[PDB]
Protein chains: 4
Amino acid sequence: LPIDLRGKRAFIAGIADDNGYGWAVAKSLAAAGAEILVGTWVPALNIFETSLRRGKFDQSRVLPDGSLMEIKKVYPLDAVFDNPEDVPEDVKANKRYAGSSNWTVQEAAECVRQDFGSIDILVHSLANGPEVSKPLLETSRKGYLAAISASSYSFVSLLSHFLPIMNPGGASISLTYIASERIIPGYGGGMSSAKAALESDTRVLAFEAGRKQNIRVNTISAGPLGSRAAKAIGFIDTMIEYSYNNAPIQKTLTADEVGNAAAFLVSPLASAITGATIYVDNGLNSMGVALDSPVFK
Amino acid sequence: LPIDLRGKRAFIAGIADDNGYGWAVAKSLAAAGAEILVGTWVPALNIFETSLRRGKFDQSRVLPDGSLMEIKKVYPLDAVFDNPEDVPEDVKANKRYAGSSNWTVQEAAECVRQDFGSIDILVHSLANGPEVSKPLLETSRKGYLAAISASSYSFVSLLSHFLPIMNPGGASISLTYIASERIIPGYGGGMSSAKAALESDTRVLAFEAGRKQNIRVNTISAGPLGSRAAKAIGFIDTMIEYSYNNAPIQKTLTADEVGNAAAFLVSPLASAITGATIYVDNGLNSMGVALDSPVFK
Amino acid sequence: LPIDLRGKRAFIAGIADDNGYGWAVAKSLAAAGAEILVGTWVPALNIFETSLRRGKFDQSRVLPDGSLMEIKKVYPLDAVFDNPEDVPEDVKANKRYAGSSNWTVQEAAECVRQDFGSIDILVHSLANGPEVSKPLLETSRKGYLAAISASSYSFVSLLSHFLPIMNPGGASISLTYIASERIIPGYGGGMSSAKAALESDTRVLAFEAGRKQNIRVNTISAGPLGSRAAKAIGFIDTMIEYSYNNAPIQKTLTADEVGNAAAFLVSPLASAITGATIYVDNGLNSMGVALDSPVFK
Amino acid sequence: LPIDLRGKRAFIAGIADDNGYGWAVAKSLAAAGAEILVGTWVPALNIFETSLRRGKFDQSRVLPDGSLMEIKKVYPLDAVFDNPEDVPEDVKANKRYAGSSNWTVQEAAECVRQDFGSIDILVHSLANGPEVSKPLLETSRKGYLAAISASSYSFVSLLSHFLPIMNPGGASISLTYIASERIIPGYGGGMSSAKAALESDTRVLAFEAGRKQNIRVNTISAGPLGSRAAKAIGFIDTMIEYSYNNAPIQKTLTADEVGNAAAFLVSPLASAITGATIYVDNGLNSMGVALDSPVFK
Ligand SMILES: NC(=O)c1ccc[n+]([C@@H]2O[C@H](COP(=O)([O-])OP(=O)(O)OC[C@H]3O[C@@H](n4cnc5c(N)ncnc54)[C@H](O)[C@@H]3O)[C@@H](O)[C@H]2O)c1
Ligand SMILES: NC(=O)c1ccc[n+]([C@@H]2O[C@H](COP(=O)([O-])OP(=O)(O)OC[C@H]3O[C@@H](n4cnc5c(N)ncnc54)[C@H](O)[C@@H]3O)[C@@H](O)[C@H]2O)c1
Ligand SMILES: NC(=O)c1ccc[n+]([C@@H]2O[C@H](COP(=O)([O-])OP(=O)(O)OC[C@H]3O[C@@H](n4cnc5c(N)ncnc54)[C@H](O)[C@@H]3O)[C@@H](O)[C@H]2O)c1
Ligand SMILES: NC(=O)c1ccc[n+]([C@@H]2O[C@H](COP(=O)([O-])OP(=O)(O)OC[C@H]3O[C@@H](n4cnc5c(N)ncnc54)[C@H](O)[C@@H]3O)[C@@H](O)[C@H]2O)c1
């Protein structure tokens, strides 16, 4: 009973290094036999491709069979821009964006089409919010919209532009976080807002794309990624610790765990699953109180 | 056991006529004894104030005691603009916006402050989406963001700017729709996305403003407003009919019904209710199938 | 804008003293003008009626207008028994049950019918679980079923037996707790199970009774009732403290607050609300983490 | 990327033939390499074992590799009875129950222990409700409790009795249905109530068993199983048709699809998933209206 993706091709948007969920999903898909295409934010491109060439991610490339994951092709991408006429002189002129081309959503998709003709799986793993450290009460309109634009609408855009080249019976997957449904202080700047939109859009697009092209659309509501800090300071480290203490099962979350869930979800085994929010968070989401609250000892 | 708002002052954003939820909430609040301030979109200002002066809304102004609702003051407002420096030459120059002033969120709030010094209740009843008739797959980034900007962020802005002049123990209320949580075909253009953000923001702001100033924050997920069309054609009319046939209780929804729920929710009787999504939709939301599906007869 | 219940009659199941939610709802309804009938567990009957006669609840009977609530009639009731033939020699023979009569659901309802002919409002406020202090893993079948029987099915029974004498446009209300949807350690013995059934039944009965007799059916998911203990020890006291520290709004919950929500919900103002779970818990339910977790300071 | 269950042993409660979800899960687990133990209702035992011996299920035993699934051992079981002293003379005396032994939960578990020493996976796939065709308003207490007893508490009992012999890092899975959360007319007799309890218990037991023994606990909310009837008449056939017309993806549901989801969920790949309700229903659950409602054409 294999999760069998041989002969399938995946486009993964949002890989800049070997430390996030994106890399983790690519690894699982690669283990399952899929051919891997990567969309890399174009300010990150250089250092990513360089490190890769120098062998800097080689330990991170190790698959379960001992082989090394191969990235078939890296495509620069900036998912806040749909087509070339949407780019400001401003941005077009910066060194980084100056160095590369075809990085708008419309352009990348046309390149993939030219290069490979089709894809089966679309993975969205990018998010960005300039004011993420501010409470909503202190978030500016511009900051709020930027977060929505890069973290929610970018999925709509990707799907929409790639759909014509996706083979029916294919699928997409995005990553979400509980802050959309529950109050998580510290997840600011409209990022909670953006995750709420992404989840709602997942359901709507499951209908639109399911009926239109027989494509499945789901999202994974993941917990904090990694092991405990010696001294937790900062949002993430703090949530890692919180989760470890308070989840129904006491353990940390590994990239593996998220990547394997994704692999299953974009595979044919998951043929009856669509418009779904799958919790891959050690069951934290189900808890009604914090076990470590001082009231309880 | 009265819902007693005597001595309290309400600012209602989103009233352009006597046909929407906004007017309905104002009427209930007025019946309860609140003093009514209105924020009117500034392209609508003229015709609104004129009709009001001509007595065109007099039948609609009738309260339960036979008296007529009084609007203490109408303030022009355009809630997609926070301060004056955010307005484009473009918009500032149009006849309509040219005719009035202090219509940015920052300006209206400062005016209310000058005029009355304080408010107790904030009602958000405005929404707007240029591409509402398009499926997500066909919605542009600009159209999607516009909907978010006018329908979600406008609440954050209002709350944030008014908070300093809200008396503790006061409250706010917004209006939402099920499309945020479930698939409703035809509710396009990112309006479903925007309602999802608004709901998520309600919870977050209940925390932020509750802790900061002891202000309650809730939203009402309302159904389609009005009685059945002779021939339902168009989104709304069609949903009216759908709901009537398929809700647990077979009836239409009246403005009354939404306005009374709101009045209760912003009153002191509701002192233990905050961050909540209250369904005022004849229980449609709870149904798992459509009773009128041809499979069932 | 009154919540006006004059001329309406309420039957409140589950009042044994002046300390629970039941008493609180009766008080609100009474303030609103309803005529109050009470269903008292028959092992509690004596001490309840005695205290009442001695004036022991007089301070608790004080309504907002300074007047004293009147209980029109107290009916003994044991809601785990539907009709007389369901009672065991066992129970029929005990002193307490021996002392009174017509205490089965079928019998009480027939008495109310004989006495008053009709009712408008039904309040369910009884729960009982022999093994509530045990984890599920340690709960016996008998203990689990007992909890379901007294805390869930008793509502089905009451509604079903009273429905024929309820005036259309009337309503019912029950009390629930978050343990149904989220993990609350310490709420054992199948009581969480029972609250989950009660909530699900609320929705189903909103459909059944709404279509059948135009009766609204809702439930209130309340938080822990009362102020903080000097030294919180025991489930309730501990949750009181937890909630106070961790809710979006920092305060305790008073009976008042629950009773006022109920009064609104069974009134004509709430005519578009049915099959609903209304959170009256200071917004605790919306929180995604405990603010007092040691990880956060 | 295999879903690898080699060396693992599963106990599947609720297999009486090759037509339900139970058989479907057994097949997937078997494909993944697990060793299969079956718990068969003891009135069904005979015909099940006979058919199996005659080769009547041989076509249904076909796995993806062309091999035939092997059932290592069939154990009679009646999950409404925990131990022998709970059985009535009544039942003990019937021909069927007379023919076999060790069929109480306590007894089967002790037998498995004796036979194999341990298990890794527990599957619950049994449900039963004497009054399933009646509305709640017409369901008797006895009928309601029977449904709860066989469909909810039976999972608590199984888990509790087997836990001591489950290897840490093992898992359990049950089957649920949307009627728990939404109104599904026709799913009567307290079966909706029972599914609500089962779901709530899943979360609670994920906490109890996760902390106690590092066991994962999840449930699958499945849709109607099978292809369309020539003439849909009867609950199931009707829901099959409803779902096909109205799900985001237009297709039927196959046993396969449910079995594969289960296999994944009880495997080590799903190590970060617990207390979860996974929808395997072609995304029906996400829809906010029926597409086939006559209002929409
Ligand atoms: N609490 C949580 O669990 C949580 C919170 C936020 C986001 N996420 C998810 O995590 C993933 C992000 O990866 P990560 O957090 O492990 O590391 P990360 O910070 O690197 O993830 C963001 C990724 O998006 C890319 N990106 C940013 N702006 C972009 C743009 N305009 N165009 C293209 N790419 C852009 C970054 O280069 C990076 O690869 C996303 O799927 C995100 O959705 C989870
Ligand atoms: N399906 C549903 O139930 C549904 C769908 C959408 C919105 N709503 C809610 O209904 C209310 C809208 O009133 P309605 O639908 O009865 O009629 P409506 O169309 O007049 O409501 C929109 C209101 O917002 C105002 N508005 C639009 N753009 C604005 C801007 N930039 N600045 C200021 N005001 C602006 C309009 O003038 C109007 O008063 C809002 O609370 C909205 O949130 C419900
Ligand atoms: N965590 C929570 O918020 C929580 C937990 C459980 C129950 N509740 C709700 O609280 C209410 C209970 O009142 P309370 O907790 O304030 O005090 P309480 O303990 O007195 O409430 C239980 C009531 O039910 C009655 N009762 C018990 N068994 C009965 C039977 N077989 N027949 C008839 N009556 C019977 C009792 O006499 C009493 O009046 C109920 O509505 C219950 O549903 C809330
Ligand atoms: N709408 C839905 O999707 C829906 C509705 C109900 C149940 N289910 C699930 O479906 C599964 C049932 O299998 P199915 O519906 O495909 O066919 P089925 O009717 O055969 O399933 C019930 C199974 O439980 C067994 N059973 C009944 N009473 C029992 C008892 N007292 N002790 C032991 N075993 C007993 C039966 O022999 C049978 O194997 C269960 O997991 C059930 O939970 C789904």
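Note: ideal-geometry Cβ built from the backbone for every residue, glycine included; neighbour counts use all protein chains shown. Just so you know, all these numbers are worked out from the coordinates, no wet-lab data involved.
General observations
- Just one residue in the set A:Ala108, A:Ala127 is part of a helix (DSSP H, G or I) and buried (at least 22 other Cβ atoms within 10 Å of the Cβ); that residue is A:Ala108.
- Complete set of residues in segment A:208-258 that are of a type in the set (S, T, N, Q) and farther than 28 Å from A:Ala272 by Cα: A:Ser227, A:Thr238, A:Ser243, A:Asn245, A:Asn246, A:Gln250, A:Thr252
- Count - residues of segment A:257-271 that are within 8 Å of chain D (Cβ to nearest Cβ) and more than 19 Å from D:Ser221 (Cα to Cα): 4
- All told, A:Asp237 meets the bar of being among the acidic types (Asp, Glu), surrounded by fewer than 23 Cβ atoms within 10 Å (Cβ to Cβ) and farther than 30 Å from A:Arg9 by Cα.
- Selection status of D:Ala247, away from ligand 1 (no atom under 16 Å from the Cβ), under 19 Å from the mean Cα position of the chain (by Cα) and within 28 Å of A:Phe207 (Cβ to Cβ): no
- Test: residue in segment D:20-40 that is over 23 Å from D:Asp120 (Cβ atoms) and out of contact with any strand residue (DSSP E or B) (no Cβ under 6 Å at 6 or more places or on another chain): no
- Of the numbered criteria (1) within 15 Å of ligand 1 (Cβ to nearest atom); (2) farther than 25 Å from A:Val156 by Cβ, the one A:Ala31 fails is (1).
- Matching option when the condition is closer than 25 Å to D:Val280 by Cβ and either away from ligand 3 (no atom under 16 Å from the Cβ) or surrounded by fewer than 18 Cβ atoms within 10 Å (Cβ to Cβ) (or both), among D:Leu37, D:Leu45, D:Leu68: D:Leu37
- Scope segment C:143-154; condition within 14 Å of C:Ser174 (Cα to Cα) and either within 9 Å of ligand 3 (Cβ to nearest atom) or surrounded by fewer than 22 Cβ atoms within 10 Å (Cβ to Cβ) (or both); matching residues: C:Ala150, C:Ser151, C:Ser154
- Evaluating B:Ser51 against the criteria (1) among the polar types (S, T, N, Q); (2) more than 19 Å from B:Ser154 (Cβ to Cβ); (3) away from chain C (no Cβ under 14 Å); (4) under 17 Å from the mean Cα position of the chain (by Cα) leaves one unmet condition, (4).
- Number of the condition not met by C:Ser200 [criteria: (1) facing another protein chain (nearest Cβ under 9 Å); (2) under 30 Å from D:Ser157 (Cβ atoms); (3) away from ligand 4 (no atom under 16 Å from the Cβ)]: (3)
- Whichever residue in segment A:217-235 is within 11 Å of chain D (Cβ to nearest Cβ) and closer than 18 Å to A:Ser152 by Cα and, among such residues, is nearest to ligand 4 (Cβ to nearest atom): A:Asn218
- Among residues of segment A:19-41 that are over 26 Å from A:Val80 (Cα atoms), those with a Cβ under 7 angstrom from a residue that is among the basic types (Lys, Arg), sequence gap 6+ or separate chain, pair up as A:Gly33/A:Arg6; A:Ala34/A:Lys8; A:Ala34/A:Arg9.
- Residues within segment A:130-156 that are within 18 Å of the chain's Cα centre (by Cα) and either part of a loop (DSSP other than H, G, I, E, B) or charged (D, E, K, R) (or both), tallied: 2
- Qualifying residues in segment A:217-243 (those that are β-branched (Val, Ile, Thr) and within 30 Å of D:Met287 (Cβ to Cβ)) - the one farthest from the chain's Cα centre (by Cα): A:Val217
- Segment A:1-10, residues that are farther than 17 Å from A:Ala261 by Cα and either in contact (Cβ under 8 Å) with a residue 40 or more places away in the chain or of a type in the set (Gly, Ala, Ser) (or both): A:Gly7, A:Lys8, A:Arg9
- Some residue of segment A:95-108 being among the small types (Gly, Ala, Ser) and within 12 Å of another protein chain (Cβ to nearest Cβ): no
- Hey, D:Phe57 on the phi < 0 side of the Ramachandran plot and within 18 Å of the chain's Cα centre (by Cα) or not: no
- From the list B:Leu159, B:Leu175, the lone residue that is under 17 Å from B:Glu199 (Cβ atoms) and part of a helix (DSSP H, G or I) is B:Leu159.
- Criterion: more than 30 Å from A:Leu253 (Cβ to Cβ) and either within 14 Å of ligand 1 (Cβ to nearest atom) or hydroxyl-bearing (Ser, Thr, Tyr) (or both) - qualifying residue of A:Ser67, A:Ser101, A:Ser60: A:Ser101
- Identity of the residue in segment C:78-105, closer than 21 Å to D:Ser140 by Cα and touching a residue at least 40 places away in the same chain (Cβ under 8 Å), that ends up surrounded by the most Cβ atoms within 10 Å (Cβ to Cβ): C:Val105
- Screening C:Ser180 against (1) within 14 Å of chain A (Cβ to nearest Cβ); (2) touching a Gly at 6+ places or on another chain (Cβ under 8 Å) leaves a single unmet condition, (2).
- Looking across segment C:1-19, the residues that are crowded, with 21+ Cβ neighbours inside 10 Å and over 26 Å from C:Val105 (Cβ atoms) come down to C:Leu1, C:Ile3.
- Selection status of C:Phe81, in a helix (DSSP H, G or I), of a type in the set (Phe, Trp, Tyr) and in contact with a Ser or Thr (Cβ under 9 Å, 6 or more places away or on another chain): no
- Cross-chain or 6+ apart pairs with Cβ under 7 Å, segment C:272-297 first and facing chain A (nearest Cβ under 7 Å), then among the small types (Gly, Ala, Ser) and not in a loop (DSSP other than H, G, I, E, B): C:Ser286/B:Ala206; C:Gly288/A:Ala179
- In segment A:162-177, the residues that are buried (at least 22 other Cβ atoms within 10 Å of the Cβ) and over 13 Å from the mean Cα position of the chain (by Cα): A:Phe162, A:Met166, A:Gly170, A:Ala171
- Members of segment A:32-42 that are under 18 Å from the mean Cα position of the chain (by Cα) and within 13 Å of chain D (Cβ to nearest Cβ): A:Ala34
- Filter pass, C:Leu45 being away from chain B (no Cβ under 14 Å), over 23 Å from C:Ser154 (Cα atoms), in contact with a strand residue (DSSP E or B) (Cβ under 8 Å, 6 or more places away or on another chain) and more than 16 Å from ligand 4 (Cβ to nearest atom): no
- Matching residues, segment B:4-26, being within 13 Å of ligand 2 (Cβ to nearest atom) and either in a loop (DSSP other than H, G, I, E, B) or within 14 Å of chain C (Cβ to nearest Cβ) (or both): B:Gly14, B:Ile15, B:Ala16, B:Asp17, B:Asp18, B:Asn19, B:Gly20, B:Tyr21, B:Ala24, B:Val25, B:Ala26
- Of the residues in segment C:130-150, none is of a type in the set (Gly, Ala, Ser) and under 20 Å from C:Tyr279 (Cβ atoms).
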